[PDB]
Amino acid sequence: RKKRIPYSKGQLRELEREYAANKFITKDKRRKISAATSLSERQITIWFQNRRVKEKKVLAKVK
Amino acid sequence: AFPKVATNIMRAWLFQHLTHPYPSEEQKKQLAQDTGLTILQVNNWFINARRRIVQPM
DNA sequence: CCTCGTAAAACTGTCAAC
DNA sequence: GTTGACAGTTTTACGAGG
């Protein structure tokens, strides 16, 4: 596998900005994000997949 | 302390690549060679360096 | 393309030993 | 005042299976 790459804070800032609007991305916004961030459409599909994973385990809650 | 020559090398690398201070796996082989430090040690150095030197910039 | 489990590169909190 | 190290955690990245 080709080594993972941490995203810039500028990039991350963008995603969360849109993720806060809705947690699943549309095809048009996926394109604008991809242009904005310099990231592949795939990379952001997966980022959102992984982002929801994180939110689902902030259901914690009984702590 | 690490040997001072091992530090200088990695720091010179670090500053050369400030905007993306993440060596490739191959680059880590090389820095560990030139320094005589182990690959873990090089990795820990850049981990500690990124939060101790880069982020303030 | 989703949720899922998994890996593994990089980060966090921490501290004795400088 | 820093620094090397590491257990514990978070972050990219994939395939399985649907």
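Values below: every heavy atom of this structure, side chains too, minus hydrogens, waters and symmetry copies. Protein chains get the first letters and strands the later ones, always in sequence-line order, with residue 1 at the start of each.
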Peer 1: Rounded to the nearest angstrom, tell me the gap between atom CZ in A/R1 and atom P in C/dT6.
Peer 2: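 After rounding, the gap between these two atoms is 14 Å.
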
Peer 1: North or south sugar at C/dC4, going by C1'-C2'-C3'-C4' (positive north, negative south)?
Peer 2: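 The sugar ring of C/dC4 falls in the north range (positive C1'-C2'-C3'-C4' torsion).
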
Peer 1: With a 4.0 Å cut-off on heavy atoms, is B/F2 in touch with a base, just the backbone sugar-phosphate, or nothing at all?
Peer 2: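 Here B/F2 touches the backbone only, sparing every base.
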
Peer 1: Is the closest basic N to carboxylate O distance between B/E25 and B/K28 below 4.0 Å?
Peer 2: yes

Peer 1: Have a look at B/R52 and say if it touches a base, only the backbone sugar-phosphate, or nothing, with a 4.0 Å heavy-atom cut-off.
Peer 2: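 Since a base atom lies under 4.0 Å of B/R52, the category is base.
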
Peer 1: Which nucleotide wins on minimum distance to the side chain of B/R51, given the candidates C/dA7, C/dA10, C/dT14?
Peer 2: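 Closest of the options to the side chain of B/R51: C/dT14.
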
Peer 1: Kindly state each residue pair satisfying salt bridge (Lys or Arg N to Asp or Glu O under 4.0 Å) with at least one member in residues 33-44 of chain A, sequence neighbours excluded.
Peer 2: A/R31-A/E41

Peer 1: Measure NE2/B/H20 against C1'/C/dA9 and give the value in whole Å, please.
Peer 2: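 Taking atom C1' of C/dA9 as the reference, NE2 of B/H20 is at 11 Å.
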
Peer 1: May I ask you to evaluate whether A/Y7 reaches the phosphate of C/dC11, defined as a side-chain N or O under 4.0 Å from OP1 or OP2?
Peer 2: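 Answer no for this pair, as no side-chain N or O of A/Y7 is under 4.0 Å from OP1 or OP2.
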
Peer 1: Find the distance B/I39:CD1 to C/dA9:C1' and express it as a whole number of Å.
Peer 2: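 The distance from CD1 of B/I39 to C1' of C/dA9 comes to 14 Å, rounded to the nearest Å.
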
Peer 1: So, OP1 or OP2 of C/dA9: does either fall under 4.0 Å of a side-chain N or O from A/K2?
Peer 2: no

Peer 1: Over how many whole Å does the gap from B/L40 atom CG to C/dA9 atom P extend?
Peer 2: 12 Å

Peer 1: Both A/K57 and B/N48 contact DNA chain D. Which one's nearest nucleotide lies toward the 5' end?
Peer 2: B/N48

Peer 1: Please state how far atom CZ in A/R4 lies from atom P in C/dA10, giving the value in whole angstrom units.
Peer 2: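 From A/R4 CZ to C/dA10 P: 7 Å.
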
Peer 1: Contact class for A/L12 (heavy atom, under 4.0 Å): base, sugar-phosphate, or nothing?
Peer 2: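 Sugar-phosphate contact only - A/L12 comes under 4.0 Å of backbone atoms but never of a base.
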
Peer 1: Taking heavy atoms of chain A and a 4.0 Å limit, find me the 5'-most and 3'-most nucleotide of DNA chain D within that range.
Peer 2: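 Listing 5' to 3', DNA chain D meets chain A from D/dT11 to D/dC14.
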
Peer 1: Taking the side chain as every heavy atom from C-beta outward, state whether A/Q43 and A/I46 have any atom pair closer than 4.5 Å.
Peer 2: no

Peer 1: Under 4.0 Å: is that the gap between some side-chain N or O of A/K54 and OP1 or OP2 of C/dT3?
Peer 2: no

Peer 1: Please work out which of the three classes, parallel, tilted or perpendicular, describes the rings of B/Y22 and B/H20, given edges at 30° and 60°.
Peer 2: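 Judged by the thresholds at 30° and 60°, the geometry between B/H20 and B/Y22 is tilted.
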
Peer 1: Please classify the nucleic acid contact of A/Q49 as base, sugar-phosphate, or nothing, using heavy-atom distances under 4.0 Å.
Peer 2: base

Peer 1: Between C/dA9 atom P and B/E26 atom CD, what is the distance in whole Å?
Peer 2: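 Nearest whole value for this atom pair: 14 Å.
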
Peer 1: When all nucleic acid strands are considered with a 4.0 Å heavy-atom cut-off, which category describes B/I47: base, sugar-phosphate, or nothing?
Peer 2: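 Touches a base.
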
Peer 1: Starting from the 5' end of DNA chain C, give me the residue, A/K3 or A/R52, whose nearest nucleotide shows up first.
Peer 2: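 The residue mapped nearer the 5' terminus is A/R52.
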
Peer 1: Could you measure the distance from the CG atom of A/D28 to the NZ atom of A/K32? Nearest 0.5 Å is fine.
Peer 2: 6.0 Å

Peer 1: Does the ring center of A/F48 lie less than 6.0 Å from the ring center of A/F24?
Peer 2: no

Peer 1: Roughly, in whole Å, what's the span from CG in A/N50 to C1' in C/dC1?
Peer 2: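 Computing the A/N50:CG to C/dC1:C1' distance gives 13 Å.
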
Peer 1: Return a table of donor-acceptor pairs under 3.5 angstrom between the side chains of residues 48-57 of chain B and protein atoms on other chains or two or more places apart.
Peer 2:
unit_1: B/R50; atom_1: NE; unit_2: B/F46; atom_2: O; d: 3.4
unit_1: B/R50; atom_1: NH1; unit_2: B/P21; atom_2: O; d: 3.0

Peer 1: Counting heavy atoms from C-beta on, name the nucleotide in C/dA10, C/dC2, C/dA7 closest to the side chain of B/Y22.
Peer 2: C/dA10

Peer 1: C/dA10, C/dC4, C/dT12: which one has an atom nearest the side-chain heavy atoms of A/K56?
Peer 2: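 Out of C/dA10, C/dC4, C/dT12, the nucleotide with an atom closest to A/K56's side chain is C/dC4.
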
Peer 1: Does the sign of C1'-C2'-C3'-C4' make the D/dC6 sugar north or south?
Peer 2: south

Peer 1: Whole-Å distance between C/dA9 P and A/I46 CD1?
Peer 2: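 Going from A/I46 (CD1) to C/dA9 (P), I get 17 Å.
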
Peer 1: Just how far is it from atom CG of B/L31 to atom OG of B/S24, taken to the nearest 0.5 Å?
Peer 2: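 One gets 9.0 Å once the value is rounded to the nearest 0.5 Å.
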
